[PDB]
């Protein structure tokens, strides 16, 4: 078991794991992925076993208010995905604590995350990772003019 930060050579591995986490086009993924590698407050970790990417974790540092938090800035889990076969092997636990370490570096005392209201699978994963539910919100949007 090995954990590496994502890079340009890690791009293909990252993508196909990212492909399963979020629903988007390949073009949008790779565009989002490229700009994350050049971000100061963005964490991309890849987990390896037998030289094969089996899981991934993306996180960031949030300076703007996160719903449910009491400090700022805070660590934020953008998403974490583990291959359906290498699940139940405690790799998500491994990735998440190294994310906490990374965020601890920036003197963060609090790690936050969000899930859709109906994604019970992710809700369970969060509870297994040490998170407690804070609040539930409804988001709105509107075009200017």
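Positions refer to the first chain, counted from 1.
Mean CA B-factor, 90-98 versus 60-68: the higher value falls on 90-98. Between 46-54 and 76-84, it is 46-54 that carries the larger average Cα temperature factor according to the deposited entry.
As recorded in the entry, 9 carries the highest CA temperature factor of 125, 21, 9, 15. In the PDB entry, a CA B factor belonging to the highest third of its chain's modelled residues is recorded for residue 37. For residue 105, the recorded CA temperature factor ranks within the highest third of the chain's modelled residues. In the deposited entry, the Cα temperature factor of residue 1 places it in the highest third of its chain's modelled residues.
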